[PDB]
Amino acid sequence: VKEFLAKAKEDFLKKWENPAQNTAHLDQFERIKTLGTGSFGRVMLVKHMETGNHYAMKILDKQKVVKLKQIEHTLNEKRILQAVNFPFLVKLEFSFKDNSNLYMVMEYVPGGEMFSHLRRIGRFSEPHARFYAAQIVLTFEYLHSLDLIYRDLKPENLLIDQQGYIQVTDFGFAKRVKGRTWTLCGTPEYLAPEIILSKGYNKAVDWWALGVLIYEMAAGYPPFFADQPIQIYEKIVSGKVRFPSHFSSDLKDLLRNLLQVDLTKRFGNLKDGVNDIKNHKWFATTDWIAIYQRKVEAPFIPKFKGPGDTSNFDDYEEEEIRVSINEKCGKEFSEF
């Protein structure tokens, strides 16, 4: 594993120091349907016309990004995604910009959102939850070794591919940092205590989010919830979590070690690091190598009708992609 990481960091660094730019154009793609939306952007199913290859394209409005003060975070997402490579991370295939927007063209994950399936199904069995959790663990092992913090783990950002495996998407809050960072980032339900306590935080927040994710997958609802954010933040600091009775003993134990407010006792952030997780009882049946190699039998396979199918996603109101005659925030996004 150390051999693999050393090699991974070399390839990563090369790309980080010399990032790729404008490797495609908008009119080479056929806009087919909006797959999802958010803050100041939307993701659509697109077809590369010359090849017939389908892709997922995120479109950001430059002015909207500036308005929401996401300039630096956006540049981070662009520079990091073009430099990383892991089977469970969505691969940025092309990126370009025009007078009005920023474009990220990535591998399309036809299976849909984990959020969708979990809400519809209610909750995942422990083995089903364990399967996804293992992919996240390995992904965080990879990302962290590169000094990257993800900061937005949640069902909404995890898509299922054709094989029923996970594809981590949306690196809008990802950042390469050594030491502590301070940005109040994330989604309320998955924020670690340190993020709300202004003392700064490190990679350990991703491990707390993992604990929230495993909890929500196995229970059907988050460990900390309430009508408004402020109510949520308070529960997160009370350091008290209630577990459903159907939770196994090993699962409750792992969770207590993951949702640990004391940063000196939280798993993933200790002396043995990620291994304290990989070797925990709840993961005894998990074959880490087989998972990385994608050879473990997926508990859920969202088969679909040929390429370009969007049946596993919801319906959104379509909107035209506007491109002014005037170049907008040219300077601000010059390196994108």
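Don't overthink the numbering: it's just position in the shown sequence, from 1.
**Q** Comparing 234 to 242 with 176 to 184, where is the mean C-alpha B-factor higher?
**A** Averaged over C-alpha atoms, the B-factors run higher in 234 to 242.
**Q** Report the stretch with the higher mean CA temperature factor, choosing between 190 to 198 and 68 to 76 on the basis of the entry.
**A** Between 68 to 76 and 190 to 198, it is 190 to 198 that shows the higher mean C-alpha B-factor.
**Q** Among the candidates 229, 222, 127, 122, give the one with the maximum CA B-factor reported in the record.
**A** 229 has the highest C-alpha B-factor of those listed.
**Q** Determine which member of 261, 81, 134, 153 has the highest CA B-factor, using the values in the deposited entry.
**A** Among 261, 81, 134, 153, the highest C-alpha B-factor in the entry belongs to 261.
**Q** Ranked by Cα temperature factor within the chain, is residue 274 in the lowest third, the middle third or the highest third?
**A** Answer is highest: the recorded C-alpha B-factor places it there.
**Q** Using the temperature factors of the C-alpha atoms in this entry, rank residue 286 within its chain: lowest, middle or highest third.
**A** Highest third.
**Q** Please rank the C-alpha B-factors of the chain's modelled residues and tell me whether residue 168 sits in the lowest, middle or highest third.
**A** For residue 168, whose C-alpha B-factor we compare with every modelled residue in the chain, the answer is the lowest third.
**Q** Classify residue 34 as lowest, middle or highest third according to the C-alpha B-factor given in the PDB entry, relative to its own chain.
**A** Answer is lowest: the recorded C-alpha B-factor places it there.
**Q** Among the chain's modelled residues, which third holds the C-alpha B-factor of residue 251?
**A** Middle third by C-alpha B-factor.
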